[PDB]
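Novice: Just passing along the structure, written as structure tokens.
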Amino acid sequence: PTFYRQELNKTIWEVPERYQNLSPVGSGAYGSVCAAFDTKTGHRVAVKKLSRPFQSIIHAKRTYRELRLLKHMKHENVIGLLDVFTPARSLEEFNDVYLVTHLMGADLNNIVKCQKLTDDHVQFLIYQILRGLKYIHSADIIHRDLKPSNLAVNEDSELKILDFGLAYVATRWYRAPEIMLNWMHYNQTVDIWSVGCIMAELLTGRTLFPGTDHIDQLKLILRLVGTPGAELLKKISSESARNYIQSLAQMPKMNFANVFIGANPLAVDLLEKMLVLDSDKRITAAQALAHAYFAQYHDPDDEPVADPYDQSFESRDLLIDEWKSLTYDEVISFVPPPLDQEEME
Ligand SMILES: Nc1nccc(-c2c(-c3ccc(F)cc3)ncn2C2CCNCC2)n1
Ligand SMILES: NS(=O)(=O)c1ccc(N2C(=O)CCC2=O)nc1
Ligand SMILES: N[C@@]12C[C@H]3C[C@@H](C1)C[C@](O)(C3)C2
Ligand SMILES: [Ca+2]
Ligand SMILES: [Ca+2]
Ligand SMILES: [Ca+2]
Ligand SMILES: [Ca+2]
């Protein structure tokens, strides 16, 4: 294929003639993104150029990690790959990686709406997040930083999770307490806390826990969910942190029906099951999909799990050129999916 060069975001992109009319649509993890027209299929796509993918061992392994992850993800509510390309003609020339996915116009902060979101629409948005989470969690992949800006949404409110399984001032307002505070253990339900925070905000229009720092955020959290028991202190290594939490005046759990006034009682019930400090008591994604709040959308035949995902590479320290060669192998071996991968139920 013939490549052309175009300066976008103050740097040269080199892309196949197949992709036309590139225009910038923001930064992504470790890269920047342009919308484009795929002349082969007439579809709109998003192309991410990775930033300095082989600058160091940190960049090189994260490049491999992201390409391996996205090549594995085949779910309608999870970002996956239509294409991956490089202008390089050989490994010796290889220094740039571009990832292609279906174009999604917005993020959840941008969701098209008429004054306020109906409950039916909130159900659909949260349902899709949970369906995507069930899939990634089934491959032992956790997001860890799920938030509205990591949910890509199109013009028909179809949603995909992105920037999962990876790793500028980020918002911490949606992070699970065990993540924000570096507790010693956690599980996949860190992401369910984030879903609760997102859903709460879709129902009220206001951030659930808009803390100014981690201590302020923890205090806002404890006002809703109540003071934790001593069992939770087991999870916290720092004595000063444990002493602080233990020293706080006791607070009762709030009745969520008094917080989310006028909400669907099923929405309130689901929030009570997600916004639990005890991550071992938190509802899982698969359990949440069966909750009556989603009754009009739930379809067990269309809530699939993932194929097994081999992450053994994560424990390995390899040289930069080894990560680079492995990444090149993954570029060259990529098989584009069929354009139409779905059938009537
Ligand atoms: N508009 C759009 N549509 C789909 C995805 C993205 C995208 C990607 C991305 C990931 C993988 C890939 F192969 C191609 C693109 N990374 C960040 N974003 C956007 C997510 C919403 N805020 C702007 C950046 N952007
Ligand atoms: N935080 S609040 O008191 O401003 C507030 C705002 C909005 C709401 N709410 C509605 O109106 C419908 C569902 C819902 O949760 N509840 C509380
Ligand atoms: N946004 C909130 C939700 C709960 C009631 C009120 C407003 C105090 C708070 O700490 C808990 C934060
Ligand atoms: Ca169906
Ligand atoms: Ca079809
Ligand atoms: Ca479709
Ligand atoms: Ca069926």
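Going through the structure tokens in order, the chains are called A, B, and so on, while each chain numbers its residues from 1 and the ligands are numbered from 1 in the order shown.
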Do you know which residues are within 9 Å of ligand 6 using only C-alpha atoms and all ligand atoms? Can you write them as a ChimeraX atom specification?
Specialist: /A:76,340,342
Novice: Might you pull out every residue within 9 Å of stretch 219-233 of chain A, with only C-alpha atoms counted and same-chain residues fewer than 5 positions away left off, and present them as a list in words?
Specialist: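 In the requested format, the answer is residues 177, 208, 209, 210, 211, 214, 242, 245, 246, 248, 249, 250, 251, 252, 253, 254, 255, 256, 259, 272, 275, 276, 277 and 278 of chain A.
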Novice: Can you pull out the residues contacting stretch 111-125 of chain A? Cut-off 9 Å, using only C-alpha atoms, and skip same-chain residues under 3 positions away; I want them as a ChimeraX atom specification.
Specialist: /A:106-108,128-130,153-159,199,202-203,205,263-264,267,293-294,296-297
Novice: When you count only C-alpha atoms and all ligand atoms, which of these residues is closest to ligand 3: A:32, A:6, A:258, A:150?
Specialist: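 Residue with the minimum atom-to-atom distance to ligand 3: A:258.
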Novice: Output as a short mmCIF file (atom, residue, chain, number, x, y, z; two decimals) with N, CA and C atoms, in the first residue's frame all residues of stretch 105-292 of chain A that backbone DSSP marks as strand (DSSP E or B).
Specialist:
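So the final result, stored in result36.cif, reads:
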```cif
data_model
loop_
_atom_site.label_atom_id
_atom_site.label_comp_id
_atom_site.auth_asym_id
_atom_site.auth_seq_id
_atom_site.Cartn_x
_atom_site.Cartn_y
_atom_site.Cartn_z
N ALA A 106 -17.91 10.44 20.81
CA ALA A 106 -18.02 11.18 22.06
C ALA A 106 -17.53 10.31 23.21
N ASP A 107 -17.54 10.88 24.41
CA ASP A 107 -17.42 10.08 25.63
C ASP A 107 -18.68 10.28 26.47
N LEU A 151 -15.13 5.94 28.53
CA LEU A 151 -16.26 5.25 27.90
C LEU A 151 -16.55 5.98 26.61
N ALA A 152 -16.27 5.34 25.49
CA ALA A 152 -16.52 5.94 24.19
C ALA A 152 -17.95 5.66 23.78
N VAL A 153 -18.64 6.68 23.26
CA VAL A 153 -20.06 6.59 22.95
C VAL A 153 -20.28 7.15 21.55
N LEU A 159 -21.97 2.14 23.44
CA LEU A 159 -20.86 2.46 24.32
C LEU A 159 -19.80 1.37 24.28
N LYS A 160 -18.53 1.77 24.37
CA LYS A 160 -17.42 0.83 24.49
C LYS A 160 -16.45 1.28 25.56
N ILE A 161 -15.96 0.32 26.34
CA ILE A 161 -14.95 0.60 27.36
C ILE A 161 -13.59 0.70 26.68
#
```
Novice: Using only C-alpha atoms and all ligand atoms, I'd like a table of the residues in chain A that come within 9 Å of ligand 7; for each, show the closest atom pair and its distance in Å rounded to one decimal, ordered by chain and ascending number, as CSV.
Specialist:
```
residue,atom,partner,partner_atom_place_in_ligand_line,distance
A:299,CA,ligand 7,1 (Ca),7.2
A:300,CA,ligand 7,1 (Ca),7.7
A:301,CA,ligand 7,1 (Ca),5.3
A:302,CA,ligand 7,1 (Ca),7.4
A:344,CA,ligand 7,1 (Ca),9.0
A:345,CA,ligand 7,1 (Ca),5.2
```
Novice: Kindly export the residues of the current selection with C-alpha atoms, as a PDB file, in the first residue's frame.
Specialist:
```pdb
ATOM      1  CA  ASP A 299     -30.259 -11.300  27.243  1.00  0.00           C
ATOM      2  CA  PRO A 300     -28.075 -14.146  28.556  1.00  0.00           C
ATOM      3  CA  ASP A 301     -27.391 -15.369  24.995  1.00  0.00           C
ATOM      4  CA  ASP A 302     -25.788 -11.998  24.169  1.00  0.00           C
ATOM      5  CA  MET A 344     -29.962 -12.093  14.023  1.00  0.00           C
ATOM      6  CA  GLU A 345     -30.711 -13.751  17.364  1.00  0.00           C
TER       7      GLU A 345
END
```
Novice: Determine the nearest neighbour of ligand 3 from the options A:36, A:103, A:218, A:88, counting only C-alpha atoms and all ligand atoms.
Specialist: A:218
Novice: Using only C-alpha atoms and all ligand atoms, can you tell me which of A:286, A:261, A:47, A:270 comes closest to ligand 2?
Specialist: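 Using only C-alpha atoms and all ligand atoms, the shortest distance to ligand 2 belongs to A:261.
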Novice: In terms of the shortest atom-to-atom distance over only C-alpha atoms and all ligand atoms, which of A:235, A:206, A:281, A:71 is closest to ligand 2?
Specialist: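 With only C-alpha atoms and all ligand atoms as the atom set, the closest residue is A:206.
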Novice: Any chance you could list, as a PyMOL selection string, the residues in stretch 86-312 of chain A that come up alpha helix (DSSP H) when DSSP is run on the backbone?
Specialist: chain A and resi 119-138+177-180+190-204+214-225+230-233+239-247+256-259+265-274+285-289
Novice: Output the neighbourhood of ligand 1 as a PDB file with C-alpha atoms, in the first residue's frame, that is, all protein and nucleic acid residues with some atom at most 6 Å from the ligand, counting only C-alpha atoms and all ligand atoms.
Specialist:
```
ATOM      1  CA  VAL A  25     -10.263  13.922  17.966  1.00  0.00           C
ATOM      2  CA  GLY A  26      -8.054  13.972  21.050  1.00  0.00           C
ATOM      3  CA  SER A  27      -5.393  12.149  22.995  1.00  0.00           C
ATOM      4  CA  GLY A  28      -5.614   8.525  24.041  1.00  0.00           C
ATOM      5  CA  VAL A  33      -6.266   9.891  17.851  1.00  0.00           C
ATOM      6  CA  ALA A  46     -10.453   6.189  14.663  1.00  0.00           C
ATOM      7  CA  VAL A  47      -6.671   5.869  14.213  1.00  0.00           C
ATOM      8  CA  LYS A  48      -4.397   6.104  17.245  1.00  0.00           C
ATOM      9  CA  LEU A  81      -9.067  -3.613  16.459  1.00  0.00           C
ATOM     10  CA  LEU A  99      -4.140   1.193  15.879  1.00  0.00           C
ATOM     11  CA  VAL A 100      -7.521   1.411  14.108  1.00  0.00           C
ATOM     12  CA  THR A 101     -11.002   0.932  15.612  1.00  0.00           C
ATOM     13  CA  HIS A 102     -14.569   1.943  14.773  1.00  0.00           C
ATOM     14  CA  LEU A 103     -15.141   5.679  15.192  1.00  0.00           C
ATOM     15  CA  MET A 104     -16.990   6.663  18.377  1.00  0.00           C
ATOM     16  CA  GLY A 105     -17.895  10.338  18.357  1.00  0.00           C
ATOM     17  CA  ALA A 106     -18.020  11.178  22.061  1.00  0.00           C
ATOM     18  CA  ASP A 107     -17.424  10.080  25.629  1.00  0.00           C
ATOM     19  CA  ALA A 152     -16.515   5.945  24.188  1.00  0.00           C
TER      20      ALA A 152
END
```
Novice: Taking only C-alpha atoms and all ligand atoms into account, which of A:243, A:204, A:284, A:311 comes nearest ligand 3?
Specialist: A:204
Novice: Which residues come within 10 Å of residue A:162, counting only C-alpha atoms, excluding same-chain residues fewer than 4 positions away, as a list in words?
Specialist: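 Here the qualifying residues turn out to be residues 28, 29, 70, 77, 78, 79, 80, 132, 143, 146, 147, 149, 150, 151, 152 and 166 of chain A.
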Novice: Have a look at A:257, A:170, A:50, A:192 and name the one nearest to ligand 2; count only C-alpha atoms and all ligand atoms.
Specialist: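 Nearest candidate to ligand 2 out of A:257, A:170, A:50, A:192: A:257.
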